[PDB]
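What follows is a set of notes on a single structure, which appears directly below.
Chain identifiers are assigned alphabetically (A, B, ...) following the order of the sequence lines, protein sequences preceding nucleic acid strands; residue numbering begins at 1 within each chain.
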Amino acid sequence: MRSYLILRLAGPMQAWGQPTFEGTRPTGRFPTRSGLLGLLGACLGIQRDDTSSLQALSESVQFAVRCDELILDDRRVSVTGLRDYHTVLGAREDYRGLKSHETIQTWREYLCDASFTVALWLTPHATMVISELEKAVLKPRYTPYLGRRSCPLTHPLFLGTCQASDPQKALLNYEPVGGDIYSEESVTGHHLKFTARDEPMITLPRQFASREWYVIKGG
RNA sequence: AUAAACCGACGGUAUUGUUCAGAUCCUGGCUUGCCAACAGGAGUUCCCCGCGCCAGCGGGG
């Protein structure tokens, strides 16, 4: 049995990116690999130019994300999408200089009434220990948020720690149970995969490599 | 420090003018509130005081 660090990602608004080079900023259904690394990298004091420990975090940690349905008054509330018409005045026209446009337009998608429970474990050749990752989520250095800085948390990042055989068995200890799980480690009775391009290329800033979740449906 | 960061969707604007709800219409007939009754019992009133026969009588609060 390995040690797991259990996290809770809850808030009225979330955003988990999909590939884009456009003014449209799309969200997926559950947290990304890159987004979870960034969240951890925020709790730790990692700066954007520190590629060394940026790569040390990525090589040390793997995730498992469970989608949690909001239950209210014994009624189920579904996750909905939200489109924000987001404008910027005096936005940069070039990457150097002070010339700017009057108005630019962007379109940003959010999730509403979404909540997630994240299982976290160490790779066989990890650098850090779950003990110091626990410290980081309890006392973050940079401000933690759900995808975008405008999206605060309504529940503490830290949920618990535990020991278990597989990520599914670990997430079982924490209500609410029943949601679909996406894991970096495969579990025995499941064979479905979820393709994604959310593996941050750390040697190539703001670029992403293809990878795959192992899909584990809830009962 | 997360397709992240930095980041307004903005600015102007009467809903206006006209218009009876109106005519007709008993709530109405019947019906004891009635039988019994001393307002008498019971001297606690806590003081100061003055004069006694010691029983009890007075003036001040």
Next on the checklist: Using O4'-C1'-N9-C4 for purines and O4'-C1'-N1-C2 for pyrimidines, with syn meaning within 90° of 0, is B/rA4 syn or anti?
Outcome noted: anti
Next on the checklist: Just to be sure I understand the rule, does A/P140 reach a base, reach only the sugar-phosphate, or reach nothing, if contact means heavy atoms closer than 4.0 Å?
Outcome noted: nothing
Checklist entry - NA contact type, A/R33, heavy-atom cut-off 4.0 Å: base, sugar-phosphate, or nothing? => result nothing
Item to check | Syn/anti state for B/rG58 [syn: chi within 90° of 0] | outcome: anti
Checklist entry - If you measure from the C1' atom in B/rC57 to the same atom in B/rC49, how many Å do you get, rounded? => result 14 Å
Checklist entry - What pucker does B/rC51 show by its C1'-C2'-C3'-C4' sign, north or south? => result north
Checklist entry - Given the cut-offs of 5.5 Å for six-ring centres and 30° for planes, are B/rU32 and B/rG33 stacked? => result no
Next on the checklist: What contact category does A/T27 fall into here, base, sugar-phosphate, or nothing, at under 4.0 angstrom with non-hydrogen atoms?
Outcome noted: nothing
Checklist entry - When all nucleic acid strands are considered with a 4.0 Å heavy-atom cut-off, which category describes A/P31: base, sugar-phosphate, or nothing? => result nothing
Item to check | salt bridge (charged side-chain N to carboxylate O under 4.0 Å, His left out) partners of A/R2, counting only residues at least two apart | outcome: A/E185
Next on the checklist: Would a student be right to call B/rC53 and B/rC54 stacked, given the definition of ring centres under 5.5 angstrom and plane angle under 30°?
Outcome noted: no
Item to check | Pairing of A/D68 and A/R66 as salt bridge, 4.0 angstrom limit | outcome: yes
Checklist outcome for this item: Letter by letter from the 5' end, nucleotides 4-9 of chain B scores (B base, S sugar-phosphate only, - none; protein heavy atoms under 4.0 Å) BSBBBB
